[PDB]
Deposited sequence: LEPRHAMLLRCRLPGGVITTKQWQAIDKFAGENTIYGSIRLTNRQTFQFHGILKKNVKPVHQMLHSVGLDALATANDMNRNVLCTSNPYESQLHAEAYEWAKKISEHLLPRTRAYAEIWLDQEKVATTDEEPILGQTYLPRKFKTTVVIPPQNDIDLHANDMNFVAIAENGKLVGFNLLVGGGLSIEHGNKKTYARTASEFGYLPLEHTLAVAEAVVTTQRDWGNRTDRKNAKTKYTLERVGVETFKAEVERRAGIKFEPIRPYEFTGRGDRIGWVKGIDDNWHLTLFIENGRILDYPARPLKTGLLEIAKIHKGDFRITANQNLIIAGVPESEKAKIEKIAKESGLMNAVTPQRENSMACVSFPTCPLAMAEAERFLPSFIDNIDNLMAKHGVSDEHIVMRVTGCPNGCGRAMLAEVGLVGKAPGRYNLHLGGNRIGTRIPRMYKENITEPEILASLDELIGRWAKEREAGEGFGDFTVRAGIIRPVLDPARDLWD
């Protein structure tokens, strides 16, 4: 189990060839696994620090990888936002945190980084194509304990707006308040989401302003329209293009007839710019001169990196789980493909094959696969059994309530077949499945997680 500090998921082609070699000759699995926190993992490491440090990479400290929207519609905004994600990352590097701390830099209208699963969030605010500040959202966290109503997933709370110059002092202030006010006794209550609920958002906020040496201004408008990656070619700035490759489960391995790993090595060798690991476990070959599109595209196409999948598969995600995770209760990564094969059939059957439902499977309640922010979330309870949650939304600002408990795939399928059926026929124009289950009364919404997540 090795993981890199790779703020924003940006990794160079030189660094890629380095992790490609190691994965292939120094691990049991021989794969590169892209995670949903924009970094990679090796599985079955049989020194890695030298191999990493040589290409200017390092393994992480309760601070996890700082995320940054990978492919903003306003392509010019990435450079600055990424610069800030990298600054915050080095600035937060070693104080001890009671529990781990997760941070992101979001570029609206995209919430691909899933900000509500994190402790500290900086929503970029730009004027005239220039970043002028950030709206600070604090307190997200998805981890729960089965049957423990004292634990809960919570969404981030808005603190206010801050000029760009106050970024680092604000980041440090949230970290330190949390550290000092974190529950000293129990670790399962040491998360920021718990502290906020204990002391209150305004109380925590006031302390943060006090320590930062600032006063938050009112939140500046921002909205999100989605969380998915922009699969395929999208036009960037100047004459450059970005090809985002869909990688199922983010598992990069050479499969028979689908040399995904070799393909990425090949592309890495001729690629101008760099790669960007997305929060959806995909990979962006970034900054391809228009003149190179055909080269890059030929390789990706031949390697099976560009095989078309349904929009459903592109918006589905699962955590690692078995065989490498020790906390795994049920399959996640290894269950998703055939499970989505079934969901695909179901989407076809109802005439919604062009639609998608943000569907996630987390191997255990720790919540790594972010099922607690999905429209349809599966939380492993035991081998082959999951709790089925429903009612989240496409943009990821609502926690889905438990709908069915400790059920098997055949039972999960039967339930979705019926629900998807009702959605395909009764939904309003452009209405997502999640919002639909809530509107149709299939599931009560979770309006205040700390108080109404559990029935």
Deposited-sequence ranges lacking CA coordinates, in order, are 1 to 7, 54 to 58, 73 to 76, 111 to 136
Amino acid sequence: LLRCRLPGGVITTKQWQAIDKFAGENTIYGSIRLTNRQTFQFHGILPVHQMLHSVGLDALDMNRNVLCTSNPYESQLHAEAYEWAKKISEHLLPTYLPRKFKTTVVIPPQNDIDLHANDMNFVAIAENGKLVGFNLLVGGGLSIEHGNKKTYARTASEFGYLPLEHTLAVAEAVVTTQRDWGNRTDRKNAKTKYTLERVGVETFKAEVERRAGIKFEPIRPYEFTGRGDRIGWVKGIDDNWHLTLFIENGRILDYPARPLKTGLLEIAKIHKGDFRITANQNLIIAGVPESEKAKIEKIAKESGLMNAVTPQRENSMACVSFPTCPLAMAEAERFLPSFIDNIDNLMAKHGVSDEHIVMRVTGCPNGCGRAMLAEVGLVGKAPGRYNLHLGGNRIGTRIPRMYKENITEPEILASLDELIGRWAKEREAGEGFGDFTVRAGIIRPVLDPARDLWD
From here on, numbers count along this sequence of modelled residues.
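Whichever C-alpha set is largest while still superposing within 1.5 Å between the two forms counts as the rigid core.
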After superposing on the rigid core, the stretch whose C-alphas lie farther from this form in 7 other deposited structures of this protein, comparing 47 to 55 with 406 to 414, is 47 to 55
Between 258 to 266 and 148 to 156, the record assigns the higher mean Cα B factor to 258 to 266
Once average C-alpha B-factors are taken from the entry for 321 to 329 and 74 to 82, the winner is 321 to 329
The largest CA temperature factor among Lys130, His116, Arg227, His242 is found at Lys130
Among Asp186, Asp180, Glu375, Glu172, highest Cα B-factor in the entry goes to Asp186
Binned into thirds over the chain's modelled residues, the C-alpha B-factor of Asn307 lands in the highest
Chain thirds by Cα B factor, record data; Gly9 belongs to the lowest
Of the three thirds of Cα B-factor ranks in this chain, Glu426 occupies the highest
On the chain's distribution of Cα B-factors, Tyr161 falls within the third called middle
For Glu405, the third of its chain by CA B-factor is the lowest
